[PDB]
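Here's the structure, in structure tokens; my notes come after.
Ideal geometry is used to build each Cβ from the backbone, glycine not excepted, and the neighbour counts take in all protein chains shown. Read-outs throughout are calculated quantities, based only on the coordinates presented, and are distinct from any laboratory measurement.
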Amino acid sequence: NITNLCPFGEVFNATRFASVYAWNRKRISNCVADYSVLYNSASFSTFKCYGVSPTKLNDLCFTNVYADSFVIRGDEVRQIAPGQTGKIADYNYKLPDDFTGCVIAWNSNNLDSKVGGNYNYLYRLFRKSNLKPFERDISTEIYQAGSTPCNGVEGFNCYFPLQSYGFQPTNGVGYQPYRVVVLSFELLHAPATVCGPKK
Amino acid sequence: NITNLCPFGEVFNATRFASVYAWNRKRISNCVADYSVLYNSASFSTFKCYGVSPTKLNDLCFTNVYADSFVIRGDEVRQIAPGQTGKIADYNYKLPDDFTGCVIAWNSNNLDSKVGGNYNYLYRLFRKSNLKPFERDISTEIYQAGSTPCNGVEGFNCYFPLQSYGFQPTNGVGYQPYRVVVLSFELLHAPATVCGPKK
Amino acid sequence: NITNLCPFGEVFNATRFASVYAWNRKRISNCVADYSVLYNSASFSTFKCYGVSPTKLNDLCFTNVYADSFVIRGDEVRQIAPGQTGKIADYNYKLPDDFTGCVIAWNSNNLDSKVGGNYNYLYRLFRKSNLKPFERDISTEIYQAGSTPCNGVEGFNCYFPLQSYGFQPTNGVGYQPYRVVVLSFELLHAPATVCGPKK
Amino acid sequence: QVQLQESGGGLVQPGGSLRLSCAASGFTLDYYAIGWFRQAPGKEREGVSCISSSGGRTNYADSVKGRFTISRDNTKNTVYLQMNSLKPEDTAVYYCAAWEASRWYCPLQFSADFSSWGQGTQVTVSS
Amino acid sequence: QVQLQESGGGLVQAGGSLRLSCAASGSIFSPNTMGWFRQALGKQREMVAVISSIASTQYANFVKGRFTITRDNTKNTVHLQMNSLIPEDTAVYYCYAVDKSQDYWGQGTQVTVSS
Amino acid sequence: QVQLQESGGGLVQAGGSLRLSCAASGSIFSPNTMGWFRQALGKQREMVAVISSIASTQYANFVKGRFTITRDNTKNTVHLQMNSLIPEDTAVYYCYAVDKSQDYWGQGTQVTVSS
């Protein structure tokens, strides 16, 4: 069968992880994927797969993989699932209620938190509307909290979209940095490209 | 080459139905019969058509039709399938296995259930033998369980031929009233007097 | 040409009925039998007899009788049939596809169900292999749901086979106890020990 | 061989989501309109929702409207039910059953008869 | 009608010890499997240990490493020694006899521990 | 690995003017949105202006009417001319690259003003 390797090192061993409104979507195809390693990495804190069980990921072959890997507070991880609600589940990004794919994560307390605060992770509290399943909005217009227009100027009822997080090692378990990966699979009317584990 | 219609409303919008033992009948011919009208109307519980396809019905020409009407409880409707036995199928009405036609049924609770009970509807438990297919029994004789010669006198081993139905809204789904009309058809090499809507 | 009769009343009317994994078996022979009474007994609500119609069964001769009795939840009854699937069929008791004999069952909510729940009946939801026809291999080994050998110790991915049932009068009919007996006849070319009443 | 099998029921947390599919074997459910029904401990089978044979005429109970959704895969011969905003009241046994266009006027808003009765599945909500 | 004679319960303070026993006085066809199940008021049946006459252990994690079981093959009795008791562990325990034909039950031994 | 080269800070007395500049030397997929932020010692991350390459301004009320941003589309560079400086507005400043794919962060420019 086919033998190339899915660049997980560029994802899981990636030096830097993106913000929660500037997501990176990686496409993976034409390569062999070793999922049991991460399932036996004895590190992943979270393991929620939907549509395909965690163990039959490693015997099924897939047409395409699309990956989204970022850092979120541990308390807010509970809103990462299909059909769920909350600031991230609605304002940020929705998983479709029949989402086929996996949310897997591992806290990055010593990776993405600084003593003075790694404020590089920016999170919106308000939107004109919630997004669709797998909808990316990086629009930065100053939200109009009230009836008065903001004209791109903050002030009264005029708020910035997304505020920083004080990511520090001092944060509690819920507020600590967590490196979370959402993977969307496609078993569609196409040849499977992420294949190989038929051994 | 005829225009007059068959009395389907009169068959079904009829005020009064007969008991299971006595039932009713209609020799129906020399009329137009619209079944696309009926098949997608389902003011009914069961369309169970044997020897015939319900889509074909309006397409079908029939030499004659025979109609039967009687009310049943929900539990024992299943006994009306041919090749099956039940206290109805044994001691109220026998159905031939080579049955061409369709049974139609529908719960009639607001019509035939009253809180005080509708005991005008009779249900035969005892008979010396099961009836042959398509038979009625209006006998008024007291059934002898044992050797005691009742001679028309009830008592010990002297039984009521037809127990009265207790139809109330208190009845469960299996005990509620269900008016049932069986449409027996003969597929014979004869003038098809019951041709459906065609040109 | 025998004299002995079987204690059908003693065997059946006996209050003591086993569970499903440890169903109780009786080997009956040399006995003059009368199953017409048991047929009309009705008590055993269910009557599904395979290989013979129950009517002609009465006068028949039988080589040997195996009576296998237990108590079951209401919904699981359908899993008991020749060539039938289900968690009990594949994990507690499997009938041969060639099963000859009859399955009979009665409620018993008033006998086997307690408001506090009668958990005296265990079920093997977990097994290492499927059930062969007439297999009662009582194994309580702690199955290893994961790769770690549990060594008979519960914990992470270490579950138990036998789970009890909450038989209560408050239970639903599908979640209520049912007293079930299956009669199996090995009608091999061995002289019959149990027969019907005719010269 | 008319067999309707409900699958996807179970315990979910209030505020969550869930999905049922009941699969039809032995017959063409496509010609059948399907109603999903529910009975809880101590209550009768209520009319949760109803969908046409073709999926075009619909009904939801007032208690389930705006939170639950019926759909059907006629090609794959199954009927699906998506539940959103779960509440602890929803713990009950479910069935899906089949009947045809039940009146003059199309929709399945009214109750009807329900021929093919499935095994049913228990959907529990509690936290 | 196999009878499972149970004795050895009672009231004991926290950290104390008792010694239960159940005896199968009936037929006991072939080898058996003698067990203990627990049921607290308001809860279902949970198996303490389903040790067999031969082997297979079957110890649970609830009281992992505190209770123990001894076999007496002369009389086919089984004794359950409980040590370092806690209020959570306390419930009513039934002896269990798998047998080869069908299962039977004990009639109860109350275990209560508090301070 | 988009790099944003930052320069144009330093020490200036009250009321003076400097000219910051940040340049995104990386991929910068499609249009981007280049922004400036403020961080004084002991505070959070404070936004100066998130003017996109096209439009949307995104000026704040803090130094309203004093700072301006010029966009150089030839080199995709964004220049921060700040005038009429005050000991309060002083902090270390970082430029920002929204990009299409992810956002990246500058290495810092110290801005100090006092008298």
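Placing +1 on the Cβ of every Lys and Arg and -1 on the Cβ of every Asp and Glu, with no other charges, gives chain A a dipole of roughly 160 debye about its Cα centre. Around the amide H of residue D:122, modelled in the peptide plane, lie the amide H atoms of D:94, all under 5 Å away and 5 or more residues distant in sequence or on another chain. With all pairs of different C-alpha atoms in the average, the Kirkwood value for the hydrodynamic radius of chain B is 18.2 Å.
Taking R0 as 30 Å, what's the FRET efficiency between residue C:53 and residue C:78 from their Cβ-Cβ distance, rounded to 0.05? That pair, residue C:53 with residue C:78, gives E of 0.90.
Hydrodynamic analysis of the range B:26-116 uses the Kirkwood radius over alpha carbon pairs. Inserted into Stokes-Einstein at 25 °C and 0.890 mPa s, it gives a translational diffusion coefficient of 164 µm²/s.
Counting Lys +1, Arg +1, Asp -1, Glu -1, what net charge surrounds residue B:106 among other residues with beta carbon under 15 Å of its beta carbon?
That sum, taken over residues with Cβ under 15 Å, equals 0.
Taking a ≥ b ≥ c as the square roots of the eigenvalues of the alpha-carbon gyration tensor, chain F is classed prolate because a/c is 1.5 or more and a/b outweighs b/c. Sequentially through the range B:78-86, phi angles give Karplus couplings (6.51, -1.76, 1.60; θ = phi - 60°) of 4, 4, 7, 6, x, x, 10, 10, x Hz, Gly and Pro residues having no value and appearing as x.
Between residue D:11 and residue B:115, what is the FRET efficiency for a Förster distance of 51 Å, r being their Cβ-Cβ separation, to the nearest 0.05? In this case the efficiency is close to 0.80.
3J(HN,Hα) along the range D:86-98, derived from phi through the Karplus expression 6.51 cos²θ - 1.76 cosθ + 1.60 where θ = phi - 60°, amounts to 5, 10, x, 5, 7, 5, 5, 8, 10, 9, 10, 9, 10 Hz, with x in place of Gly and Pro. Counted without the sites themselves, the longest stretch of chain B free of chymotrypsin sites (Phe, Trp or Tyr not before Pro) in a DSSP loop having at most 13 other beta carbon atoms within 10 Å is B:1-118. Compactness ratio for the protein assembly as shown: Cα radius of gyration over 2.2 N^0.38 Å (N = residue count) comes to 1.28.
Could you compute Rg(Cα) / (2.2 N^0.38 Å) for the range A:56-170, with N its residue count? The partial results should precede the final answer.
Working: Rg = 17.1 Å, N = 115, 2.2 N^0.38 = 13.4 Å.
After normalising by residue count via 2.2 N^0.38 Å, the value is 1.28.
Placing pseudo-labels 7 Å out from each Cα toward the beta carbon at residue E:75 and residue C:151 gives an inter-label distance of 3.3 nm.
Shortest first, residue F:79 label-point distances to identical copies amount to 9.6 nm, with the label point at 7 Å from Cα along Cα→Cβ.
Ranking B:95, B:62, B:195 by how far each Cα lies toward the positive end of the dipole of chain B (charges on Cβ) leaves B:195 at the top. Cα convex hull, the range D:1-71: 111 Å³ per residue, rounded to a whole number.
How many percent of the alpha carbon pairs in the range B:80-121 exceed a separation of 12 Å? When all Cα pairs of the range B:80-121 are counted, 69 percent exceed 12 Å. Nearest-to-axis residue in chain F, judged by Cβ distance to the rotation axis that brings F onto E and given in whole Å, is F:44, 22.
Going by how many other Cβ atoms sit within 10 Å of their own, how do B:26, C:94 line up, fewest first?
On the way: B:26 16, C:94 23.
Lowest count first: B:26, C:94.
Amide H to amide H distances under 5 Å link residue B:136 with no residue, where only residues 5 or more positions off or on other chains count and H is placed in the peptide plane. Each residue in B:154, B:76, C:76 was given a count of other beta-carbon atoms within 10 angstrom of its own, and listing them fewest first yields B:154, B:76, C:76.
The residue D:44 and residue B:63 beta-carbon pair, evaluated with R₀ = 45 Å, returns a calculated FRET efficiency of approximately 0.50. Dividing the helix sum by the residues of chain A, where each DSSP H run of 4 or more adds -39500 (n - 2.57), gives a mean residue ellipticity at 222 nm of -1000 deg cm²/dmol.
Its residue count N fixes a reference of 2.2 N^0.38 Å for the range F:52-115, and the Cα radius of gyration divided by that reference is 1.25.
Each residue of the range A:119-133 was assigned a 3J(HN,Hα) from its phi angle through the Karplus expression (A = 6.51, B = -1.76, C = 1.60, θ = phi - 60°), giving 7, 6, 9, 10, 10, 6, 9, 9, 8, 5, 7, 6, 8, 8, x Hz with x at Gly and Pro. Inter-label distance, residue B:3 to residue A:188: 6.0 nm, where each label sits 7 Å from its Cα along the C-beta direction.
Antiparallel DSSP bridges in the protein assembly as shown: what percent, to the nearest 5?
90 percent
The rotation axis bringing chain B onto chain C passes closest to the chain B residue reported with its distance as B:173, 7, by C-beta distance in whole Å. With the label put 7 angstrom out from Cα along the Cα-to-Cβ vector, residue A:51 ends up 5.0, 5.1 nm from the copy partners, going from closest to farthest.
The same position residue E:25 in the other copies lies at 9.5 nm from this copy, comparing label points 7 Å beyond Cα toward the beta-carbon, shortest first.
Please rank A:135, A:141, fewest neighbouring Cβ atoms within 10 Å first, as an exposure proxy.
A:135, A:141
For chain D, the fraction of C-alpha pairs more than 23 angstrom apart is 25%.
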